[PDB]
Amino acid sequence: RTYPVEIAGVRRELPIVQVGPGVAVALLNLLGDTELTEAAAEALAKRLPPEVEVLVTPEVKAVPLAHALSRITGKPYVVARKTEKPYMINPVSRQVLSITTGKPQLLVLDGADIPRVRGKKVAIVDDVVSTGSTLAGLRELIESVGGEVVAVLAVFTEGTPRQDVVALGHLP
């Protein structure tokens, strides 16, 4: 049915979704929930290890997180995408860098974004850091681009990965 969560005094009741069949897998949904998104951003900002330089987030529903967390902390963010995007082999998102992921997936940073991360202490930022699957792939992408991953932050964790995170909560 539905799963209780609250972040910094904002209460919600997430719908349990099936990707893994039957289990208690809460759906997080920042796209269109401004009040959740800032309450997450305020609470995650104060966990942000001091002087960190650049935030990095993969596609879907963390860009309102990263923006709002970017706003609070005066620090840029970068959106890697789950695919190569319109106008990439072009002068507009010029020279995309790609790598795979174990469960077929393909994380990519715009070439225009590599100079904001290279040489920098990177904080990876995601709405949910789940199995630890795309995370390892993401980290090596950044480390092949120049970047030093210092801190990973999220709204929630889910299950038991090989990489540690800074979340408020945890979802089964």
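All residue numbers refer to positions in the sequence shown, first residue = 1.
Novice: With reference to the PDB entry, specify whether the mean Cα temperature factor is higher for 150 to 158 or for 5 to 13.
Specialist: According to the entry, 150 to 158 carries the higher average C-alpha B-factor.
Novice: Going by the average Cα B-factor in the PDB entry, point out whether 105 to 113 or 58 to 66 comes out higher.
Specialist: Averaging CA B-factors over each stretch, the winner is 105 to 113.
Novice: What third of the chain does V78 rank in for C-alpha temperature factor, lowest, middle or highest?
Specialist: Its C-alpha B-factor, which the entry lists for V78, ranks in the lowest third among residues of this chain.
Novice: How does the C-alpha B factor of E42 compare with the rest of the chain: lowest, middle or highest third?
Specialist: According to the entry, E42 has a C-alpha B-factor in the chain's middle third.
Novice: Could you look up the Cα B-factor of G137 in the entry and say which third of the chain it sits in: lowest, middle or highest?
Specialist: Within its chain, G137 is a middle-third residue by C-alpha B-factor, going by the deposited values.
Novice: Within this chain, which third does the Cα B-factor at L171 fall in: lowest, middle or highest?
Specialist: Lowest third, going by the recorded CA B-factors of the chain.
Novice: Would you check the entry's CA temperature factor for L36 and let me know if it's in the chain's lowest, middle or highest third?
Specialist: Bottom third by C-alpha B-factor.
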